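One structure is given below, encoded as structure tokens.
Each chain gets a letter, A, B and so on, in the order the sequences are listed, and its residues count up from 1. As a basis for the values below, the full set of heavy atoms in this structure was taken, side chains included, without hydrogen atoms, waters or symmetry mates.
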Amino acid sequence: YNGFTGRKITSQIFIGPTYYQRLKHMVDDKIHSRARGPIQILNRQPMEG
DNA sequence: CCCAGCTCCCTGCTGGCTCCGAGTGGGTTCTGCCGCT
């Protein structure tokens, strides 16, 4: 049944228990932005990483 | 008035040099030291 309206879904749905894994890759360890931060000594371009 | 060097040019081979996808996240170790001057 659709949760929003309570109506049945016309097609029947394949459902059951499946072993799932949480991988170490999490968005909060990847998100990054920069607006004029530190720069390299030799060339004066933004730092890496 | 032919021939053997001699020169000059073209081929073919071998050796030498440069290049080898785009981003991104972590980790670790290493950046000298010893004999005797």
Side-chain angles (χ1 to χ4, degrees):
Chain A
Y1 296 69
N2 178 262
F4 307 117
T5 68
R7 194 211 188 267
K8 287 181 219 189
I9 294 163
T10 302
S11 308
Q12 301 83 53
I13 304 298
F14 188 70
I15 178 168
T18 311
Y19 198 70
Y20 257 75
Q21 311 158 105
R22 182 175 186 199
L23 303 185
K24 63 171 268 169
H25 307 280
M26 292 183 276
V27 61
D28 271 359
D29 300 314
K30 282 153 170 210
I31 187 173
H32 174 49
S33 78
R34 169 167 167 131
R36 273 210 320 270
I39 61 172
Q40 300 166 67
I41 293 172
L42 177 54
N43 69 58
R44 265 104 174 264
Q45 296 170 355
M47 295 290 291
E48 170 173 37

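- The side-chain contact (heavy atoms from CB on, under 4.5 Å) check on A:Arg22 picks up A:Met26, with sequence neighbours excluded.
- When the P atom of B:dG26 is taken as reference, atom CG of A:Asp28 falls 13 Å away, rounded to whole Å.
- Spacing between atom CD of A:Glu48 and atom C1' of B:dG23 amounts to 11 Å, rounded to whole angstrom units.
- Nucleotide B:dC34 carries a south-puckered sugar, as indicated by a negative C1'-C2'-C3'-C4' torsion.
- Looking at residues two or more places apart in sequence or on another chain, you find no side-chain contact (heavy atoms from CB on, under 4.5 Å) involving A:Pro17.
- The distance between atom CE of A:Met26 and atom P of B:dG26, rounded to the nearest whole Å, is 12 Å.
- Sugar pucker of B:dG27 is north, as judged by a positive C1'-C2'-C3'-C4' dihedral.
- On the basis of its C1'-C2'-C3'-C4' angle being negative, B:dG15 carries a south sugar.
- Scored by the side-chain contact (heavy atoms from CB on, under 4.5 Å) test, A:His25 finds A:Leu23, A:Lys30 as partners (sequence neighbours excluded).
- Scanning for side-chain contact (heavy atoms from CB on, under 4.5 Å) contacts around A:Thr5 gives A:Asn2, A:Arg7, with sequence neighbours left out.
- Nucleotide B:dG27 holds its P atom 9 Å from the NZ atom of A:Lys24, rounded to whole Å.
- The 12-atom threshold is not exceeded at CD1 of A:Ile31, counting heavy atoms of other residues, nucleotides or ligands nearer than 6.0 Å.
- Stem analysis of DNA chain B (at least three stacked-register Watson-Crick or G-U pairs, each with both distances under 3.5 Å) gives none.
- With its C1'-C2'-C3'-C4' torsion above zero, B:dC19 shows a north sugar pucker.
- Sugar pucker of B:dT24: north, as indicated by a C1'-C2'-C3'-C4' torsion of positive sign.
- Atoms NE2 (A:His32) and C1' (B:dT24) sit 10 Å apart, rounded to a whole Å.
- Taking atom NZ of A:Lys30 as the reference point, atom P of B:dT24 lies 14 Å away to the nearest angstrom.
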Which donor-acceptor pairs under 3.5 Å do the side chains of residues 39-49 of chain A make with protein atoms, sequence neighbours left out?
{"unit_1": "A:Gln40", "atom_1": "OE1", "unit_2": "A:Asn43", "atom_2": "ND2", "d": "3.3"}
{"unit_1": "A:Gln40", "atom_1": "NE2", "unit_2": "A:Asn43", "atom_2": "OD1", "d": "3.3"}
{"unit_1": "A:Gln40", "atom_1": "NE2", "unit_2": "A:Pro46", "atom_2": "O", "d": "3.0"}
{"unit_1": "A:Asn43", "atom_1": "OD1", "unit_2": "A:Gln45", "atom_2": "N", "d": "3.0"}

